[PDB]
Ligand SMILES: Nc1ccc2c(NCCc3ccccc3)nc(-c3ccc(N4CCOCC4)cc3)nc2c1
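Only one chain is shown below, in structure tokens, and it's the form deposited without the named molecule.
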């Protein structure tokens, strides 16, 4: 049953959405798509509506649109962005050219929180608990966020948290250059392309975020990739032979070996006054060798979270088939796959 759609121009972009969505108001714009806040009269929810930008413009864009839609349709967890609705005004595959994604409206991110509020140790426990709870879920489906930073973590007035803006495409080189938050939370192996990276890249970002919640300050605010690596090695120590061997990039390996060796610092002397259990956890997250970092499931059982940990309420995700990542398809094939996923969507309760 096709709802009735209505048309409006919001910032020289035409929005064609079902009647249920009212009071559309531009809230953001990028190469990803334009975003509007709206009121969903059907559910009574304040929602964010994203209009994808030229979703089927190239093979790469079509595959990306399919990827984003597949990912959002899968994620069903309190601490992870989920999909309330997806629609298109198209009546057939032949006229299908726009995809609109509907989610909860977020308002505030953790960037806003860290800047404008005093976070007690109890707040840090709760906020980091939820991130790890969501990441246990995401990682259980072999999904890596890759881009966790405070601006990608929405927090409501009750300090309730959702993970959003999954890394879906390489940032440009320019975007990662210089004194920029876009790089400060990245694991060094991914920042410098040391090796085939894994899901603990996300645990590294959690360590950086947790530290910032505790001190109110960026942990590794490098002025460039190399300055940042130096900030990192100063804290955690220069790599040993065992990690060196795992750096498959001969060039990177040769560079790190040029550095004066440095021991890991005392974290109690960096995080002065912090809960000793918070310090212990940071030590387990901020490990250079990604093989040896604590995982999300392991971290949830750490004594730091004794107050919030409930092993019966830390769910894993349904299996997630990402074999499409391996296919080279034509635009029209990606578009048809995307169409199927739009028309098969079932809203949550």
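C-alpha atoms forming the largest set that superposes within 1.5 Å between two forms make up the rigid core. Positions refer to the first chain, counted from 1.
The next section is about a form of this same protein that is not shown, the form deposited with the named molecule bound.
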message: Here blocked means 3 or more ligand atoms within 2.4 Å of a backbone or C-beta atom once the named molecule is superposed in from its placement in the bound PDB entry. Does this form come out open or blocked?
response: blocked
message: Looking at heavy atoms inside 4.5 Å, which stretch does the named molecule contact in the bound PDB entry, given the options 215 to 223, 248 to 256, 272 to 280, 124 to 132?
response: 248 to 256
- prompt: Is residue 310 close to the named molecule in the bound PDB entry, meaning a heavy atom pair under 4.5 Å apart or at it?
  reply: no
- prompt: Hey, in the bound PDB entry, does residue 233 get a heavy atom within 4.5 angstroms of the named molecule?
  reply: yes
field: Exercise: residue 291 in contact with the named molecule in the bound PDB entry, heavy atom 4.5 Å
entry: yes
- prompt: Are any of the heavy atoms in residue 184 no more than 4.5 Å from a heavy atom of the named molecule in the bound PDB entry?
  reply: no
message: I need to confirm a contact call. Of 87, 194, 96, 267, which residue comes within 4.5 Å of the named molecule in the bound PDB entry, counting heavy atoms only?
response: 194
statement: Of 247, 71, 81, 101, the residue whose C-alpha shifts by 2 Å or more between the shown form and the other one, after superposition on the rigid core, is 247
query: Would you say residue 91 moves its Cα by 2 Å or more between the shown form and the other one, aligning on the core?
result: no
- prompt: Superposing on the rigid core, do we see a C-alpha displacement of 2 Å or more at residue 213 between the shown form and the other one?
  reply: no
message: Would residue 194 count as moving between the shown form and the other one, using a Cα shift of 2 angstroms or more after superposing the core as the test?
response: yes
